[PDB]
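Listed below are the residues making up each chain.
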Amino acid sequence: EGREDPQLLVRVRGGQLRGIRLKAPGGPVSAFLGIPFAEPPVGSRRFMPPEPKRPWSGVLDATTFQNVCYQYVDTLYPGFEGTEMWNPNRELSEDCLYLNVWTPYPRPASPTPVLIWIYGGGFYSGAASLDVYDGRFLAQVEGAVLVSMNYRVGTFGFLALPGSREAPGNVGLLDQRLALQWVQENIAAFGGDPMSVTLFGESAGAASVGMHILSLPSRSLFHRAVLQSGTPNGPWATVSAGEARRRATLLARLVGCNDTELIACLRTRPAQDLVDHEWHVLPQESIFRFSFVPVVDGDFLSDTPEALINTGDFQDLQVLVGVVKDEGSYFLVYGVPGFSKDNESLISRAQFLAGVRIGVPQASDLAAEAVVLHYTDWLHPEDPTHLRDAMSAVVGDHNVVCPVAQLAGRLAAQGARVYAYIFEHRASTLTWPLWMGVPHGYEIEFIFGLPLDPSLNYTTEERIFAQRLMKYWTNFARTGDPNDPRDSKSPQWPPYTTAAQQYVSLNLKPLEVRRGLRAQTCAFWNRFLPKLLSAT
Ligand SMILES: *[C@@H]1O[C@H](CO)[C@@H](O)[C@H](O)[C@H]1NC(C)=O
Ligand SMILES: *[C@@H]1O[C@H](CO)[C@@H](O)[C@H](O)[C@H]1NC(C)=O
């Protein structure tokens, strides 16, 4: 060193790092990108739980985002920003277990509360390096310490032969957990407070956060959790051990393959062979269903998340949870006939019934009849616009809104302090059609404060709105409460309770308190459907 910038050299358990001074709108931030955190889970290590990064010598350069975990790359709409923005933006590799830290510049004087972001992408895609996960705005404007990590997705992260030694399952969750430990051990070197760690995540990121809550060894690694548009409970976020074994041995067959020999063979396949077949192992034609997800192994997850949230004590827990206005619309273009981004997607009643068998793949004929009956508007049963929106609502309600509603309810009933929102603002810069409303994933760019970036063409009220969201999120990280102690009456954001079931609306207008999270309809999905399904 010597001519280097003195505010960018930091030491962590594995060695010395050199970070980078980054420009944010209102001033500079410190960034430490591509910090190892684990031994490259390649070769004989594929499908295996991660081992801690062996210490290096010299100064590790931490000025750029590292590899993105090997994954399927989306090409439904080549060149279209709306899809490309979620695509990998660094080389795909199995050597991908790296994490990133953003902090104020110079780094904080006192210990600062830490936010840990866990990306979503259905457990088959994702990266902590995407522009919408840029932690520099939260670091500069809120003085937060923001951390985000890569974890293995798809087969690499979730293929399981439960019981086995060489593919125990859930290793992607283990990847996340090791980064949590890493933060405990090392974040003090950046001015972070290991005693104020808040998890937040979206979609499969939210379901991930949720599983850390329900898994003892993770519980000591963080203090508060934010779950955006996802839950550990619900139809897509986990598979039984039987079903995971089924999918693993089927995929093994499709690529050309006693657990040990099976896995040993899989370990000799190019990573792209695994990706090319991972979608061919699903039981039914489906949307919002992913081949390789967290498995109920009786280990990381001691029981189903349903059983765990039903019988757990969450006195210690403060949680923020929410959903967007149109959770389901995004997935319709990815496998429901009639639906496209290039037209208004007005569908027929026939395409609706067909769409329901796809979005509720596990339903008997009677179950599918119930759904179609519930969602049909009997004043206008054949109206193409209503059917289009009912289809979107079916998918949204079954997968997110009702699992979220049920999650808030059980956690509040059992000690947790829970805050709940519905995010209702459609970004002015959105490239998906209007019929999709506010799709899944589109609050993220507001929470991370992207609209503060002059060159982004957000409106001024969008910029002010982003500052509010950043405030709510960072206050909650700081205190377990979204509300500003200073700022009095905006109005206040009330905890969610079984009694009153209040949540707030997040949009350009001020906080408005509403009651009941699709209460009537969630009773269908959460109380009736299960019983109907178990009697058919
Ligand atoms: C929109 O496009 C899809 C796929 O190309 C097609 O199946 C559907 O019928 C179209 N919808 C309308 C309203 O024309
Ligand atoms: C913002 O608007 C300007 C003016 O039309 C345009 O030149 C620029 O490319 C826009 N930026 C983005 C990425 O939307």
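Numbering of residues starts from 1 on every chain and follows the written order of that chain's sequence, so it may differ from the entry's own numbering; residues lacking coordinates are omitted. Numbering of ligands from 1 and lettering of chains from A proceed in the order in which they are written. As a convention, hydrogens and water are excluded, and side-chain values are obtained from all of the structure's heavy atoms. Residues with missing side-chain atoms are left out of burial classes, side-chain pairs and their counts.

Method-wise, the PDB entry is recorded as coming from X-ray crystallography, at a reported resolution of 2.60 Å.

**As for the state of the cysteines**
As used here, a disulfide is simply a covalent bond connecting the sulfur atoms of two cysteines. For the record, the criterion: Any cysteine sulfur atom paired with another within 2.5 Å is treated as part of a disulfide. The helix count covers DSSP runs of H or I at least four residues long, the strand count covers runs of E at least two residues long, and both are numbered beginning at the N terminus. Each residue gets one of three labels from its accessible area relative to the maximum for its type: buried under 20%, exposed over 50%, partly exposed in between, using a 1.4 Å probe on protein chains only.
Tallied over the full model, the rule gives 3 disulfides. Disulfide pairing places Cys 69 opposite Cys 96 at an S-S distance of 2.0 Å. Looking along the S-S bond of the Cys 69-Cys 96 disulfide, the torsion reads about 85°, which is the right-handed sense. With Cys 69 in strand β6 (residues 68–69) and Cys 96 in the loop between β7 (92–93) and β8 (99–104), this residue pair connects regions lying 27 residues apart in the sequence. We classify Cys 96 as buried; its relative accessible area is 0%.

**Examining the side chain of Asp 74**
This is how it is decided: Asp and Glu are treated as the negative residues and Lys and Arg as the positive ones, with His and the ends of the chain left uncounted. The term salt bridge refers to a side-chain nitrogen of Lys or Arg lying within 4 Å of a carboxyl oxygen of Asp or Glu. Pairs of N or O atoms are called polar contacts if they sit within 3.5 Å, as long as, within protein, a hydrogen donor faces a hydrogen acceptor (for residues adjacent in sequence, only side-chain-to-side-chain pairs). Should any heavy atoms of two residues lie within 4.5 Å, those residues are counted as being in contact.
Secondary-structure assignment places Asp 74 in the loop between β6 and α1 (81–84). An unpaired buried charge is present at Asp 74: no salt bridge exists, and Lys 341, the closest side chain of opposite charge, is 11 Å distant. Only 3.3 Å separates the side chain of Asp 74 from the backbone nitrogen of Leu 76, close enough to count as a polar contact. Those residues in contact with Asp 74 that lie beyond four places of it in its chain are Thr 83, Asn 87 and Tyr 334.

**Overview of the pairing of strand β14 (residues 417–423)**
Quick reminder of the rule: At least two bridges found by DSSP between two strands is the condition for calling them paired.
Among the 7 residues in β14, 6 count as buried, and that is most of the element. Across 7 bridges, the pairing between strand β13 (residues 318–324) and β14 is parallel. Looking across to β14, one finds that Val 324 is bridged to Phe 423. Note that β14 and strand β15 (residues 502–506) share 3 bridges and pair parallel. Within β15, the residue paired with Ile 422 across the bridge is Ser 505.

**Structural notes on the UniProt feature "active site" in the protein**
Here is the rule we go by: UniProt positions are given in the numbering used here, feature names are shortened, and annotations may be inferred rather than shown by experiment.
Residues annotated by UniProt as "active site" correspond here to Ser 203, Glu 327 and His 440. If you trace the backbone, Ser 203 turns up in the loop between β11 (192–202) and α5 (204–213). For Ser 203, a relative accessible area of 9% corresponds to the buried category. Once residues within four sequence positions are removed from consideration, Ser 203 is found in contact with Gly 120, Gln 228, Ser 229, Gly 230, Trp 236 and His 440. Inspection of the secondary structure assignment puts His 440 in the loop between β14 and α15 (444–447). Residue contacts for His 440: discarding those within four places in its chain leaves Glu 202, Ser 203, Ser 229, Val 324, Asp 326, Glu 327, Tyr 330, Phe 331 and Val 400. Of the polar contacts made by the side chain of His 440, one reaches the side chain of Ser 203; its length is 2.4 Å.

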